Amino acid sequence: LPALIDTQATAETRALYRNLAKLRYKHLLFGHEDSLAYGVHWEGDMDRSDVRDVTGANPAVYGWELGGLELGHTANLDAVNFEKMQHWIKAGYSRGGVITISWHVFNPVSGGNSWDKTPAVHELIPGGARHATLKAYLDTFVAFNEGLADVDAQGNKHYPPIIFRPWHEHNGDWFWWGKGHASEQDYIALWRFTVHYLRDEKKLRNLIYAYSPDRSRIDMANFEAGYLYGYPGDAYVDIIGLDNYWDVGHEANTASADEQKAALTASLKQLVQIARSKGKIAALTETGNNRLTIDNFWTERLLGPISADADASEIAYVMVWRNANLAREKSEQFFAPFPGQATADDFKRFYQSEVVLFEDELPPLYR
C-alpha cells in the first residue's frame, strides 16, 4: 500500500518496499553495520561476520557507510575498502539480504570530518558558492552505485536496491548539517536537492530514501514536532526512521531501566503513527548498547519493548552499529556480540524469536 517516491523504481526496489510493508506487522528484520568487513577480533576474511559466528546466520539487513568516498579515498573513514564494500554488498544482496547506506560526509569547507562543525550547508545548497561541491560529492555515489551493477543475458542492467539514509541525526548538533550549524530551511533544501539530483537528474532507480532524526534530541512530550524538525516533505522520504541509542542504556541517560523501556516503546509507537499517517514504513535505523554490558539486552531491552505494543511492533527493521576492530581502533566499541561475549546466548534467543528475521529466514524480498 505504501508507494515509493521514485515512481519508476526498479522491479526489485519496488518489491523490497512492498514486501517490507507486508512483513512489518508480524516480523522485524535484524541489521548490523559493517557486518562483513571486520569484527572485534578479526579482519581480512572475505566472508565472515561476528553475527554469523554467534548465531550461524548473517544479519537480514547490512549497513554500510560511505564517508570519504566524496574525497576520492580508496577506503571509508573506518578504513573499509570501497571495492571490497561493493563485493560485500553484492554478496549480501545475492543471498537475499537488504542493503542500507549512511554517509558521514566530510566537511568540505575545512576538510575535517562530519564532526567538524564549520558551517557548510548554506554554501552547499542550490545558489550557494559550494553547490558544485555538493554535485561532485553526490557524483561519487553515482559512480559507486555503478560498481554494484550486473548485466543479464538480455543486456539489462540490475542493481541491488539500497535504503539510502543521508544527512542523519540532523536534529542533533554533532554533525555540520545539524541543528545550530545549519538553518532548518537550509537543511530541507539540502535534502530536497539530494533527492532531485539522485532521482531526477542522475536517474538512479534503485534507491529508497530514509529519514532518521535522533531520539535523544526529541522532547517526548512533543514527539511529532521534534521528529518533524527539518522534515523535507512526503515527496522526499520513503522510510520514517529513527536513531535511538538513548532508551537502550546510553551511559548519559539517568533514567531507570523501566522508564527507558517505556520510552523505547513510546518512541516507536509514535514513529509508527507518523509513518501510518504519511503512508510510509517505519524503522529503527540505529540502536544498540555499546559493549553489550546489559544482561539479556536483546530480549529484555530491545525485543521486549518493541513487542509490547502492536504499533511499536510495526517497525520493519532494527539495525545495530558496527563491531569495531579492536587491534586497529584501540578501543572496545561493538553492538553485536561475538563468540564468548556475555550477551551471545541472549542474542541467539533474539535470533530464535519467530518475530525476528535474520538472512537465513527471509522470504524472497525482491519478487
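When you see a residue number, it is the position in the sequence shown, counting from 1.
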- prompt: What stretch has the higher average Cα B-factor here, 246 to 254 or 130 to 138?
  reply: 246 to 254
statement: With B-factors read from the PDB entry, the higher C-alpha mean of 337 to 345 and 56 to 64 is in 337 to 345
query: Which one of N206, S183, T100, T285 shows the biggest C-alpha B-factor in the PDB entry?
result: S183
- request: Identify, among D200, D152, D238, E169, the residue whose C-alpha carries the highest B-factor in the deposited PDB entry.
  value: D152
message: Ranking the modelled residues of this chain by C-alpha B-factor as given in the entry, is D309 in the lowest, middle or highest third?
response: middle
- line: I89: CA temperature factor from the record, placed by chain third, in the lowest
field: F223 - Cα temperature factor, lowest/middle/highest third of chain
entry: highest
statement: Tertile call for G44 (CA temperature factor, within chain, third-based) is the highest
- prompt: How does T265 rank on Cα B-factor within its chain, lowest, middle or highest third?
  reply: middle
